[PDB]
Asker: 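First the structure, then my questions, so here it is.
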Protein chains: 2
Amino acid sequence: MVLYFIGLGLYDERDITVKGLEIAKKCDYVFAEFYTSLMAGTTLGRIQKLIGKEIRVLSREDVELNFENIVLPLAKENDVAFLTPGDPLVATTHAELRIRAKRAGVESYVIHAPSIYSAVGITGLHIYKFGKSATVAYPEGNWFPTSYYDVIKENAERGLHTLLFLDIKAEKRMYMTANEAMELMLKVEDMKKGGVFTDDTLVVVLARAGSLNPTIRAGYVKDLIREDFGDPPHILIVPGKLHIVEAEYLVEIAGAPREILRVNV
Amino acid sequence: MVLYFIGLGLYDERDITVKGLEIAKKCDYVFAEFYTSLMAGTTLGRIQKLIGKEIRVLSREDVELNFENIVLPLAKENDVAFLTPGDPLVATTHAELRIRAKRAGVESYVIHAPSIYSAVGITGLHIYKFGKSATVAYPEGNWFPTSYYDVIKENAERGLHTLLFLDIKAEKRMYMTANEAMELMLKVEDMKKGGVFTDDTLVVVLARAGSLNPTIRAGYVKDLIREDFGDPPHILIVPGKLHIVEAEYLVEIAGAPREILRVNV
Ligand SMILES: Nc1ncnc2c1ncn2[C@@H]1O[C@H](CSCC[C@H](N)C(=O)O)[C@@H](O)[C@H]1O
Ligand code: NA
């Protein structure tokens with residue numbers, strides 16, 4: 001009578017950990033959600049085939065409003081697994097679901113999986129140098145989100161890198177590209193005029209981490225804003241002051257302009 | 001002609017991903033390092049048995065000084081794997097190993113795995129709220145480093161959480177315990193008297209992340225400094241002001257005192 005939160009990883013069904021797979025194969029019921037992120041390299045069918053179980057996919061409403069009515073009941077008498085893209089607790093509100101499990105007298109366990117939060121290391125940017133993170137959300141009607149602007153500002157001032165999660169509207173199959181993120185951000189800069197994010201700002205784009213050939217690009221906004229980085233998901237990063245070896249990596253591996261090698265210490 | 005950087009994950013031999021295992025099994029040569037960290041929940045023998053390949057262990061010097069003459073030559077005519085605890089490229093000097101590969105006309109691919117950077121999400125603390133990260137090191141001779149103290153200060157000051165890695169002596173398999181870290185920091189607070197780390201400071205301890213039964217504890221230093229957190233590795237976190245949901249998780253899941261619901265929110 002336990003509930004397992006099992007992450008599926010970054011790109012395809014093989015990004016699940018061996019631990020996660022062996023446990024998932026032995027659960028009586030398997031649920032999952034695919035709205036918190038996009039696993040561009042697999043399909044529900046492939047996942048099901050891999051674990052050898054039928055997977056009942058849940059919507060944001062099913063989870064957020066009815067988790068304790070749909071999932072928890074079965075966990076009281078069976079072994080249940082709840083699958084999610086990446087790591088189940090990273091940049092989601094899934095952690096709170098563990099509190100619901102407890103209140104319903106259901107023991108829960110967490111099986112991690114590779115997350116975009118650590119995969120940023122493939123950009124060559126020292127991970128310990130990342131500051132507060134943020135999300136670039138799509139404007140809705142008259143509401144235009146801007147919180148991410150001050151986060152970048154705050155981190156840049158301290159010389160820290162900023163990781164920017166990009167928006168996703170799964171039910172509409174909408175996945176924000178780095179290009180769309182940059183356009184929205186330039187519009188905010190136009191309004192705030194803080195010099196935080198401009199055409200001369202160096203940025204890094206990581207697309208489809210987890211795949212064997214992810215797209216890793218670094219350069220100035222003016223040059224990258226219209227570049228094609230391939231299919232989603234995309235993640236955007238605004239570096240802070242660079243170490244010599246970070247700049248070297250960005251140039252040698254991410255195709256950045258050789259001029260970023262010259263750091264302004 | 002190919003070099004694979006493969007992450008081993010968090011704690012035991014099952015923490016590698018299905019993708020990492022299958023690729024490792026097809027490699028002609030397999031190297032690994034355990035100087036950046038150890039896999040406390042398993043052994044070299046178990047990892048070797050699971051992968052079914054002899055694993056050549058490399059020291060810090062083998063990697064930093066001679067990676068290109070030990071690993072890369074073999075990668076020119078074979079498929080070589082380089083295993084590391086956690087997620088590849090998280091250790092700050094590992095990213096530059098890919099530059100070395102390029103220079104040697106060797107292709108390299110990264111296979112991700114769970115990292116403590118993302119696994120800490122199991123503490124219920126929102127990942128976007130983490131700021132700069134640091135490592136707590138032991139004073140030595142006339143050297144008394146305290147940089148991590150300023151990091152905690154700069155983060156908390158902005159409402160951000162601080163992830164603290166504890167000093168480790170891989171070769172000797174000597175880990176700094178959370179208890180030792182706290183004592184060291186109270187000592188640092190006594191010298192800088194900045195009111196950053198005191199008996200009243202709230203902290204979180206994560207031990208054996210990755211195992212099915214990790215130790216997750218939260219509370220004030222005065223009560224946790226002498227508490228037994230079990231076998232290493234221990235990870236320490238000094239949270240910034242908490243979101244009521246984070247605090248509730250720490251109370252319900254990590255045994256934190258009710259008091260945090262009004263004092264640290
Ligand atoms: N493989 C990938 N490549 C690039 N960005 C990714 C990604 N996976 C997730 N993201 C980014 O993160 C957003 C989802 S946020 C949820 C993250 C997830 N729990 C994890 O552990 O990774 C996406 O909209 C995208 O901006
Ligand atoms: Na971080």
Side-chain angles (χ1 to χ4, degrees), chain A residues 7 9-10 12-19 21-22 50 86-91 93 95-96 98-99 102-103 109-119 121-135 154-155 158 160 163 165 209-210 212-214 245-246 248-249 252-253, chain B residues 7 9-10 12-22 50 86-90 92-96 98-99 102-103 109-119 121-122 124 126-135 154-155 158 160 163 165 209-210 212-214 245-246 248-249 252-253:
Chain A
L10 305 157
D12 59 61
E13 77 287 343
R14 292 206 298 168
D15 291 316
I16 186 177
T17 59
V18 170
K19 175 174 291 168
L21 178 61
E22 312 200 321
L50 179 58
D87 181 289
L89 310 182
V90 172
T93 52
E96 187 275 324
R98 297 200 71 199
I99 300 177
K102 185 189 174 190
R103 289 171 180 169
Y109 299 74
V110 180
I111 315 297
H112 302 93
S115 170
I116 188 64
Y117 193 71
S118 73
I122 194 172
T123 59
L125 296 172
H126 299 339
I127 189 165
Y128 74 88
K129 287 177 62 179
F130 276 73
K132 184 180 185 174
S133 300
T135 298
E154 176 180 289
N155 288 322
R158 304 172 57 190
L160 305 179
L163 174 69
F165 294 105
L212 277 288
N213 302 91
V245 70
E246 291 176 307
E248 302 187 313
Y249 184 105
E252 289 296 310
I253 307 299
Chain B
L10 305 158
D12 57 61
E13 78 291 332
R14 291 200 299 167
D15 292 333
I16 187 181
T17 67
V18 166
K19 177 182 296 171
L21 177 60
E22 309 196 325
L50 169 66
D87 189 24
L89 278 67
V90 172
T92 138
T93 67
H94 286 184
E96 93 80 46
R98 295 195 77 201
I99 299 175
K102 186 187 180 185
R103 296 289 171 62
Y109 301 85
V110 174
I111 308 306
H112 298 280
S115 173
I116 185 65
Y117 270 94
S118 52
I122 193 166
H126 308 321
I127 286 294
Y128 80 91
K129 282 175 68 179
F130 279 76
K132 185 178 185 172
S133 297
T135 294
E154 296 303 296
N155 286 330
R158 298 169 172 64
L160 305 177
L163 176 58
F165 292 95
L212 286 176
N213 301 106
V245 179
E246 291 177 311
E248 297 183 311
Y249 181 105
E252 301 299 312
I253 308 302

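Computed from heavy atoms alone, side chains included, the values below leave out hydrogens, waters and symmetry copies. Per chain, numbering begins at 1; letters A, B, ... match sequence-line order.
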Asker: For side chain to side chain contact (heavy atoms under 4.5 Å, CB included), just list the numbers for B:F130 and A:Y117, CA-CA rounded to whole Å, side-chain angles, deciding distance to a tenth of an Å, and then say yes or no.
Answerer: CA-CA 11 Å; B:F130 279 76; A:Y117 193 71; 3.9 Å; yes
Asker: Is it the side chain or the backbone of A:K132 that comes within 4.5 Å of chain B heavy atoms, both, or neither?
Answerer: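 Contact with chain B: backbone and side chain both.
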Asker: If you take all heavy atoms of A:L89 and B:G121, which pair is closest and at what distance?
Answerer: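 What the structure gives for the nearest pair is CD1-O, 3.7 Å.
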Asker: Return the option, out of A:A95, A:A209, A:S118, with the maximum number of heavy-atom pairs under 4.5 Å with chain B.
Answerer: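 Looking at each option in turn, the highest pair count goes to A:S118.
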Asker: Relative to chain A, which of B:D12, B:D15, B:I253, B:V245 shows the most heavy atom pairs under 4.5 Å?
Answerer: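 Looking at each of B:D12, B:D15, B:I253, B:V245 in turn, B:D15 comes out on top.
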Asker: Identify which part of B:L212 has an atom lying under 4.5 Å from any heavy atom of chain A, answering side chain, backbone, both or neither.
Answerer: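 For B:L212, the contact with chain A is made by backbone and side chain together.
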Asker: Flag the one option from B:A134, B:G124, B:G210 with the top tally of heavy-atom pairs under 4.5 Å to chain A.
Answerer: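 Of the options given, most contacts go to B:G210.
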Asker: State the OG1-CD distance between B:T92 and A:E246, to the nearest 0.5 angstrom.
Answerer: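 Separation between the atoms: 8.0 Å.
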Asker: Non-hydrogen atoms of chain A under 4.5 Å away: do they reach the side chain of B:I111, the backbone, both or neither?
Answerer: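 For B:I111, the side chain is the part near chain A, not the backbone.
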Asker: How far does CD1 of B:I116 sit from NE2 of A:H112, to the nearest 0.5 angstrom?
Answerer: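 One gets 7.5 Å once the value is rounded to the nearest 0.5 Å.
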Asker: Which region of A:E248, side chain (C-beta onward) or backbone (N, CA, C, O), has a non-hydrogen atom less than 4.5 Å from a non-hydrogen atom of chain B, or is it both or neither?
Answerer: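 For A:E248, backbone and side chain are both near chain B.
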Asker: One pair to check against side chain to side chain contact (heavy atoms under 4.5 Å, CB included): A:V18 and B:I16. What are the steps and the verdict?
Answerer: CA-CA 6 Å; A:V18 170; B:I16 187 181; 3.9 Å; yes
Asker: Below 4.5 Å, heavy-atom pairs only: which of B:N155, B:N213, B:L50, B:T93 has the largest tally toward chain A?
Answerer: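 Result: the option with the highest number of such pairs is B:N155.
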Asker: Side chain, backbone, both or neither: which part of B:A119 has a non-hydrogen atom closer than 4.5 Å to chain A?
Answerer: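 Interface part for B:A119: both.
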Asker: State the CD1-CG distance between B:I127 and A:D87, to the nearest 0.5 angstrom.
Answerer: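 Rounded to the nearest 0.5 Å, the CD1-CG separation comes out at 8.0 Å.
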Asker: Does B:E154 come within less than 4.0 Å of A:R158, counting only side-chain N to carboxylate O?
Answerer: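 No.
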Asker: Heavy atoms, side chains only, cut-off 4.5 Å: are A:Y249 and B:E96 in contact?
Answerer: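 Sidechains of B:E96 and A:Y249: no contact.
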Asker: Search all heavy atoms of B:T17 against all heavy atoms of A:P114 and return the closest pair with its distance.
Answerer: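 Reported closest heavy-atom pair: CG2-CD, 3.9 Å.
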Asker: For A:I122, is it the side chain, the backbone, both, or neither that has a heavy atom closer than 4.5 Å to a heavy atom of chain B?
Answerer: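 For A:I122, heavy atoms of backbone and side chain both lie under 4.5 Å from chain B.
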Asker: CD of A:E252 to CZ of B:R103: how many Å apart, nearest 0.5 Å?
Answerer: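 Rounded to the nearest 0.5 Å, the CD-CZ separation comes out at 4.5 Å.
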Asker: Can you say whether A:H126 sits under 4.5 Å from chain B via the side chain, the backbone, both, or neither, judging by heavy atoms?
Answerer: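 Looking at A:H126, just its side chain touches chain B.
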Asker: Can you tell which part of A:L160 gets under 4.5 Å to a heavy atom of chain B, answering side chain, backbone, both or neither?
Answerer: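 Interface part for A:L160: side chain.
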Asker: Taking the side chain as every heavy atom from C-beta outward, state whether B:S115 and A:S115 have any atom pair closer than 4.5 Å.
Answerer: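 Heavy-atom side-chain distance check fails, nothing below 4.5 Å.
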Asker: A:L21 vs B:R14, test: side chain to side chain contact (heavy atoms under 4.5 Å, CB included). Steps then yes/no.
Answerer: CA-CA 9 Å; A:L21 178 61; B:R14 291 200 299 167; over 6 Å; no
